[PDB]
Amino acid sequence: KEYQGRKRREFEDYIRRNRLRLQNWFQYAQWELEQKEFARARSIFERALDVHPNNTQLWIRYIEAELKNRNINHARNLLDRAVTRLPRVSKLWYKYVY
Amino acid sequence: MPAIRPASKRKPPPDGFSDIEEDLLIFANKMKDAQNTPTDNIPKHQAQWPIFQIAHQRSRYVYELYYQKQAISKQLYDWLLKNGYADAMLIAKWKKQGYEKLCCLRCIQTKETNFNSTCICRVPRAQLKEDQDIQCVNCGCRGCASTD
Amino acid sequence: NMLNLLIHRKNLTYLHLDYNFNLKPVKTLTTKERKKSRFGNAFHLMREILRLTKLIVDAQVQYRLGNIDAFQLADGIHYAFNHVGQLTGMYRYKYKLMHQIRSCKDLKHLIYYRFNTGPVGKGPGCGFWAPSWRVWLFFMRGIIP
Amino acid sequence: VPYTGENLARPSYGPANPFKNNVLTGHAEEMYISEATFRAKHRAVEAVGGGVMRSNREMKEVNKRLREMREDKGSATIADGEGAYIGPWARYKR
Amino acid sequence: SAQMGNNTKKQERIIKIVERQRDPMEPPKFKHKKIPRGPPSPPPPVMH
Amino acid sequence: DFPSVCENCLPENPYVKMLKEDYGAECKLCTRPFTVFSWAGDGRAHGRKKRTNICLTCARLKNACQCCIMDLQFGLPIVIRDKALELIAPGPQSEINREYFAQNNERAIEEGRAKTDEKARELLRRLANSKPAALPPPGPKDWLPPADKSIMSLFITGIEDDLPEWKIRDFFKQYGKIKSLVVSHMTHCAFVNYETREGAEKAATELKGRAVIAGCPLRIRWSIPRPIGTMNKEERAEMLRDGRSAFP
Amino acid sequence: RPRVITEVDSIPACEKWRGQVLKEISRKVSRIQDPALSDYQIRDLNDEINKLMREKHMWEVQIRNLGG
Amino acid sequence: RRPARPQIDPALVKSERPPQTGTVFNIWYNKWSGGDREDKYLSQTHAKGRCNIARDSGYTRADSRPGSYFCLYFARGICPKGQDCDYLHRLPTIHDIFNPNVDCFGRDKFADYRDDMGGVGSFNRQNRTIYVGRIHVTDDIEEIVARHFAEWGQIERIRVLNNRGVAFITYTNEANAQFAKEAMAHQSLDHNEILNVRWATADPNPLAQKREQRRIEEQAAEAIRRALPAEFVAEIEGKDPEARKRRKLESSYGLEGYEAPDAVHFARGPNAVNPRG
Amino acid sequence: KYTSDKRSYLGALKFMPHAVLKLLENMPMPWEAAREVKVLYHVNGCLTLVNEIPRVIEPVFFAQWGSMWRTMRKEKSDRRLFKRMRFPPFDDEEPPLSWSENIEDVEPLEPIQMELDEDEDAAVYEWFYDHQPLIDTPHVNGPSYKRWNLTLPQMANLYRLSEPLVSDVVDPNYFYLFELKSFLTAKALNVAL
Amino acid sequence: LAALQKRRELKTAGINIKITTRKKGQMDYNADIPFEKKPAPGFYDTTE
RNA sequence: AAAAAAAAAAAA
Ligand SMILES: [Zn+2]
Ligand SMILES: [Zn+2]
Ligand SMILES: [Zn+2]
Ligand SMILES: [Zn+2]
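This is the structure in structure tokens:
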């Protein structure tokens, strides 16, 4: 728990320091995925989607992170949101049909 | 004048003052003793109760020396009221129907309560509960209604 | 008591405010303590106005105790209202106040040159304090808002 | 309309729920009454003696027993010692 | 309404609400807290 | 502009004189300034000025009276209700997250967004199916008074965890004045020290080495007072079996 | 601290002595954790830690005898 | 009856400054400042009075007023007013229950505990457990604890962790626990010691955990049984076979093979289809 | 015990300037040994505001300060050696003097007053050095002390007592090219009279 | 690291010394999810 | 025809 708190503190300090860099959000969410904290990783990804709404890479990585943990209905809701927000990005549609 | 004059600009009090002067200094020394009463054991608002009580007692002494016994002249009475030996407004309330035993003026200041009431000590004792020894937070009054 | 409470709330208990409204460090101050304890113009202006008021009130208290008589009281009041720049550091926190000081000096000259004519020799004794007292009341009128 | 009698007379159709309030604990609305009405009703509830039918002479009698239960008020022309004026600061014996 | 168990119909109430007398000398009672910004309104679809 | 206060916190008088102070205090949960409503209780002429202790948003989140801070459906404390009904507690309880959630959700909490009923029945059904060489029977020497008049203690064995100390105390209060009663539920031991030996002799006379308190069988003997220390689980089990064997 | 550990019977004095000995043992352990300590320095740190542990043991024995 | 006994004379009770642990007395915080931080908390002194319930109890100017709280200083043994005190000067009984916002003395309870866990307490835990330490380690700890932790209320369970000099006293009433904590703090048991009577944390023993969880569950069950009608709850547990038969026969409403849901059957209202209430 | 007052106490610092001005505007004159003023005070003791405006009759105030001018000139001529009082009057570490134990019933020294002739100054003799002269007489409107009217002997006496501090200019032609209009005209032309 | 080994060494020797890194001005990241933004529900049920 | 603080003396 001390390690988890220190890593969370470091990641949140990097997010507060420069929130417009996607790597901080990606690292924090992937790390929180590694300790199977799916609600925490979902919250971090949704906060990143609040900072970066129209980023296709963040949408792709969050759908992928939802899929690799066998959360099918969550990821299908996520793909519906992604093709609703960006209907002219063919990458999201191609991933969704695939 | 309530402002002190040295010795040669002092005017003498009206006649009959020296008869009641000993009781007036009794009240003055009682108030001076009330200035030096420990507040360490009593609530803060209870530290100010004896001053209102002694002011009531001195004003009542002057009031019933002039109006009941009539043992002092009118000029002496107005000089006592003008030189701070009695509270003229509390006396003025004492001459009214229903306020003859009023403890102090602050207990009928309705504009300065939470719900525009008088004090609870203004209430007749019959409309209050038994074993209810109320004690006014303004002055320590235990009931000053005229019927009490 | 308000100035003392403000000092003690800010935990600056190494500053002592004495009863004549002087603020002195009780010990040797570090750089951090000197930076924390540096009050502003509002506190210091209010402190100096309280100091002048204390001088006036204390002159009246000395008259009422019997230590000085009424002529000494009037001369001291006229001295105090004419020497605000010497008896206070009040000008340090509001410098336009120097105008008032200059005004009092001007009044003093006129008063003094009409007060010492003939047998009235030079020295202390002029208790004609009303014009300088006026000047500082109008200063207070301006300085309250 | 919709304030007429035939509009208020018609009920709501359909069945009733087998399983509203302005605040979390009840329904509270702003109302306008005289100050004297609230004071009189609060007095009727609050005063021990609200109701209980009573004329002036026996109320004066109850006042007389209540007054003689209390300590002596004292003489206001006696400034010191026994008999000195105590007044409204006289306590009730119990 | 009915609450805390019992369901008896309590009598309806008339409540006098008066603003409290405040000390004119009282300073502001509480400090100001710097809370971070909440999330924005849900962004619209991108209609390129 | 109106508090959410239960009836038992409100005065018995149907006419309430109420004071209202905008930003009069901080909420006792989220530490935000809120409008405080206050009134005088039925305890006339001294007591405590009852007031809204928490804000209205926290009173919607907790479903509680603003004064007493108890559940407005059963009259239970909030934590008791939440532990015994396994509720979500809809809102963070951290420091900054409280103001964040209140700042971002104060319009949906008011409309009842972000009903237990059935979970109370679930708790009642769950508590319906609650599921919470032997020594010879005691001979006469166990309850006969010893020759030593200094012997005062009465040793009890067989005490279960469901038996409180007060039931033993007022079960033995009828025999005399008890100086001390030590009940260790960890070791299933108890020591009764009286003030007069007559009371202990009467306890031994009308107990006769056996006792039943609230359906729990216990064994009583005379004993010199000795302390109870760190003691083995097997010995605890065998005197629990002995206390059960007090009623063969 | 007093030299006679066994003569101390006061609970607060024994607790203060034990706290001081524990602080000294922690300081000795922190000094031993430093890589700059040579063989003589590590031996001195180990001896100081052992002495602090013995003093803490004596203080705790006195406390357990007379309150603690 | 009996008036309240004045405990300490007013000559010994003053309101003076704390002992000088510094150079300047800070008057806003009323605390000494200066000196050295090695002093800091220093030590916990011995209190100026204990309580005898059989000797110090009586009536005050609070038995006439319903809803009056108990006295903190009568619990501390240093209340000089006697019968003129505005608070009660008697022991809390078993029917002296208080809401989860105040203690028995009327002080406001807090959201969370303080780290140095003492004071009034928190309302997020119905804590009836008091943690006492600093006991002179002897062999007769249990008898003297049971003798002296008994005049403050009615006691459920005292576990004396001997050798450590630590005991955990659980009263059946929270007000009695607060009274005992405010009464035995900085007192002496048999020898001249200062007891650290503080608020107990949570017993990690899983047996104590399931005991507390169960007791919470029947407290809530008692509240629900008070809320619901007797026939309703009697059908709800269904331990009585006759109540089960009543549920089978009554929850049919003409249509056979229904077995009506608990939302429809166990419903309260004017328009429900049930005996209602 | 007074912690619940402290914030309020400190808040009244915000209103201590008026108090100072109020006190400084109601200070007794040299001919008054003491003055009673009406004060509005906070119930916790944080702020005393002198609730008076020092209203004077201007002819009376002129005559009183003219008599002061005479008396101080005569005394500074007559005194052997005038001793100036020490500023500050009290030491920095001396605690403030209590009213009740130091001043309250203490005999005041006699104030500066010109000795009026009983027959020449007969119009003002009985009221000249009062704090609010003629306040109980029909020469003023009432105790609020807002309007005055005076007789011819009184105005003559006040004018005679004011001759140290009264103008002797009768002709307005004395102020030819030495008035506000000419000063402003010279300011406009950047010249000096 | 050195604090970690000394904490482990004192953990082995009976006593459980509490470790605290709670400075002032510091947020709690382990109590609840910091600035928790739950995912928006969709047409697919995700309770399982 | 007669004008009178800060930079700047540094985070167990
Ligand atoms: Zn009164
Ligand atoms: Zn009153
Ligand atoms: Zn009264
Ligand atoms: Zn309530």
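From first to last, the protein sequence lines are chains A, B, C, D, E, F, G, H, I and J.
Sequential numbering from 51 applies to the first sequence in PDB author numbering.
Sequential numbering from 1 applies to the second sequence in PDB author numbering.
Sequential numbering from 629 applies to the third sequence in PDB author numbering.
What the fourth sequence shows, in PDB author numbering, is residues 34 to 52, 69 to 143, in sequence order.
Sequential numbering from 194 applies to the fifth sequence in PDB author numbering.
What the sixth sequence shows, in PDB author numbering, is residues 18 to 131, 138 to 155, 221 to 336, in sequence order.
Sequential numbering from 33 applies to the seventh sequence in PDB author numbering.
Sequential numbering from 50 applies to the eighth sequence in PDB author numbering.
Sequential numbering from 195 applies to the ninth sequence in PDB author numbering.
Sequential numbering from 193 applies to the tenth sequence in PDB author numbering.
For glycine and all other residues, C-beta sits at the position ideal for the given N, C-alpha and C.
When the Cα of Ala249/H is compared with those of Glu223/H, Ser237/H, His240/H, which residue comes out closest? The sequence position of residue 249/H within the eighth sequence is 200, counting from 1. Looking at the Cα atoms, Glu223/H is the closest of the given residues.
Pick helix, strand or coil for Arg56/A, following the three-state DSSP scheme. Mapped onto the first sequence, residue 56/A falls at position 6. If DSSP states are grouped into helix, strand and coil, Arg56/A belongs with the helices.
Contact check, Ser82/H vs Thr659/C, beta carbons under 7 Å: The residue you call residue 82/H lines up with position 33 of the eighth sequence. The residue you call residue 659/C lines up with position 31 of the third sequence. Inclusion of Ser82/H and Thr659/C in the CB contact set at 7 Å is not warranted, their separation being larger than that value.
Element boundaries [beta strand (DSSP E), containing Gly41/F]: Numbered from its first residue, the sixth sequence carries residue 41/F at position 24. Segment 32-43, the beta strand (DSSP E) holding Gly41/F.
Looking at ligand 4, does it come within less than 6 Å of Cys46/G, judged from the CB to the closest heavy atom? Looking up residue 46/G in the seventh sequence gives position 14. Outside the cutoff, so no.
Terminal residues of the beta strand (DSSP E) in which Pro305/F lies: On the sixth sequence, residue 305/F is found 217 positions in, with the first residue counted as 1. For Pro305/F, the uninterrupted beta strand (DSSP E) segment begins and ends at 304-311.
Distance CB(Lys101/B)-CB(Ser146/B) smaller than 7 Å: For the purposes of this step, residue 101/B is taken as residue 101 along the second sequence, with counting starting at 1. For the purposes of this step, residue 146/B is taken as residue 146 along the second sequence, with counting starting at 1. Going by C-beta atoms, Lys101/B is nearer than 7 Å to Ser146/B.
By DSSP, does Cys277/F sit in helix, in strand, or in coil? The residue given as residue 277/F occupies position 189 in the sixth sequence. It is a strand residue.
On a Cα-Cα basis, can you pick out the residue from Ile265/H, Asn173/H, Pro149/H, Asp58/H that is closest to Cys128/H? Position 79 of the eighth sequence holds residue 128/H. When C-alpha distances from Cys128/H are compared across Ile265/H, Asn173/H, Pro149/H, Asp58/H, the shortest belongs to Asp58/H.
Pull up the DSSP beta-bridge partners for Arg208/H, would you. Numbered from its first residue, the eighth sequence carries residue 208/H at position 159. Beta-bridge pairing links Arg208/H to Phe217/H.
Is it the case that the CB of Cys23/F approaches a heavy atom of ligand 4 more closely than 6 Å? Start at 1 with the first residue of the sixth sequence, and residue 23/F comes out as number 6. Under cutoff, so the answer is yes.
Under 7 Å, Cβ to Cβ, is there at least one residue of chain A near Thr238/J? Looking up residue 238/J in the tenth sequence gives position 46. At a cut-off of 7 Å between beta carbons, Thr238/J contacts chain A.
Using a Cβ-Cβ distance cut-off of 7 Å, determine whether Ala223/J contacts chain F. Here residue 223/J refers to the residue found at position 31 of the tenth sequence. Answer yes: the Cβ-Cβ gap between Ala223/J and chain F drops below 7 Å somewhere.
Put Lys96/B into one of helix, strand or coil per three-state DSSP. To locate residue 96/B, count along the second sequence from 1; it is residue 96. For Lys96/B, the three-state secondary structure derived from DSSP is coil.
With respect to 6 Å, is the separation between the Cβ of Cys136/B and the closest non-hydrogen atom of ligand 1 below this value? Stepping through the second sequence from its first residue, residue 136/B is reached at position 136. Within the cutoff, so yes.
So, for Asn119/A: in the same chain, excluding its five sequence neighbours on each side, which residues have a beta-carbon less than 8 Å away from its beta-carbon? The count along the first sequence starts at 1 and reaches residue 119/A at position 69. Closer than 8 Å at the Cβ level, and outside the excluded window around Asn119/A, lie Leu83, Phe88.
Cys144/B Cβ short of 6 Å to ligand 3 heavy atom set: Numbered from its first residue, the second sequence carries residue 144/B at position 144. Within the cutoff, so yes.
Write down the C-beta distance between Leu84/G and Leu77/G rounded to the nearest angstrom, noting that I regard them as a contact closer than 8 Å. Position 52 of the seventh sequence, counted from the start, is the residue given in the question as residue 84/G. Position 45 of the seventh sequence, counted from the start, is the residue given in the question as residue 77/G. Incorrect: roughly 10 Å between the Cβ atoms, too far for contact.
Which listed residue (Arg249/I, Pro222/I, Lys216/I, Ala228/I) has its alpha carbon closest to that of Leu234/I: Reading the ninth sequence from its first residue, position 40 is the one you call residue 234/I. When each option's Cα is compared against that of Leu234/I, the closest is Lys216/I.
How many Å lie between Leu80/B and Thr110/B at the Cα? Taking the first residue of the second sequence as position 1, residue 80/B is located at position 80. Taking the first residue of the second sequence as position 1, residue 110/B is located at position 110. Near 29 Å, if we compare the C-alpha coordinates of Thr110/B and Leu80/B.
Can you check whether the C-beta of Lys198/J is within less than 7 Å of a C-beta belonging to chain G? Along the tenth sequence, read from residue 1 onward, the residue named residue 198/J stands at position 6. Yes - at least one Cβ of chain G is within 7 Å of the one on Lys198/J.
How is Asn114/F classed by DSSP in three states: helix, strand or coil? Locating residue 114/F in the sixth sequence gives position 97, counting from the first residue. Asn114/F falls in the helix class under three-state DSSP.
Hey, how far is the Cα of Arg142/B from the Cα of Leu146/F? Residue numbering aside, residue 142/B sits at position 142 when the second sequence is read from its first letter. Residue numbering aside, residue 146/F sits at position 123 when the sixth sequence is read from its first letter. Their Cα atoms are separated by approximately 55 Å.
Using DSSP bridges, identify the partner residues of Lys652/C. On the third sequence, position 24 is the one that residue 652/C refers to. Answer by DSSP bridge pairing, in chain order: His644/C.
Name the DSSP bridge partner or partners of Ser62/G? To locate residue 62/G, count along the seventh sequence from 1; it is residue 30. According to DSSP, which records beta bridges pairwise, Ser62/G is partnered with nothing at all.
By how many angstroms is the C-alpha of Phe227/J removed from the C-alpha of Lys51/A? Translated into the one-based positions of the first sequence, residue 51/A becomes position 1. Translated into the one-based positions of the tenth sequence, residue 227/J becomes position 35. Each residue's CA atom was taken as its position, placing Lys51/A and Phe227/J some 19 Å apart.
Going along chain E, which residues have a C-beta under 9 Å from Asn70/D? Locating residue 70/D in the fourth sequence gives position 21, where the first residue counts as 1. Neighbours of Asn70/D across chain E, judged by C-beta separation under 9 Å: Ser194.
Per-residue contacts from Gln132/B into chain F (C-beta, under 9 Å): Position 132 of the second sequence, counted from the start, is the residue given in the question as residue 132/B. Going along chain F in sequence order, the residues near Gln132/B (Cβ under 9 Å) are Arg61, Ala62.
Buried or exposed: where does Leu371/I fall if 16 or more other Cβ atoms within 10 Å of its Cβ makes it buried? Along the ninth sequence, one-based indexing puts residue 371/I at 177. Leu371/I is exposed by the Cβ-count criterion.
Jot down the residue ranges of each uninterrupted beta strand (DSSP E) in the segment 215-271 of chain I, minimum 3 residues, whole runs only, in chain order. Taking only runs of at least 3 residues, the beta strand (DSSP E) segments lying wholly in the segment 215-271 of chain I are 233-235, 242-244.
Please list, in chain order, the residues of the segment 102-119 of chain H that have any C-beta partner in chain F closer than 8 Å. The segment 102-119 of chain H vs chain F, Cβ under 8 Å: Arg110, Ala111, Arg114, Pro115, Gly116, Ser117, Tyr118.
Return the CA-CA distance between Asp19/B and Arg58/B, expressed in angstroms with no decimal places. Indexing the second sequence from 1 puts residue 19/B at position 19. Indexing the second sequence from 1 puts residue 58/B at position 58. Each residue's Cα considered, the two are about 15 Å apart.
Can you tell which of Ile247/F, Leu93/F, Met240/F has its C-alpha closest to the C-alpha of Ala276/H? As a working mapping, residue 276/H is identified with position 227 in the eighth sequence. A check of alpha carbon separations from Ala276/H across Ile247/F, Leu93/F, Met240/F identifies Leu93/F as the nearest.
Below 9 Å between beta carbons is the criterion; list the residues of the segment 97-122 of chain B that meet it against any residue of chain E, in chain order. Cβ contacts with chain E: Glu112, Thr113, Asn114, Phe115, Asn116.
Cutoff 7 Å: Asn75/H Cβ touching any chain C Cβ: Here residue 75/H refers to the residue found at position 26 of the eighth sequence. Chain C contact via Cβ: present.
Spatial neighbours of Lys652/C in its chain, beta-carbon cut-off 6 Å, leaving aside the 5 residues before and after: In the third sequence, counting from the first residue as 1, residue 652/C sits at position 24. The residues are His644.
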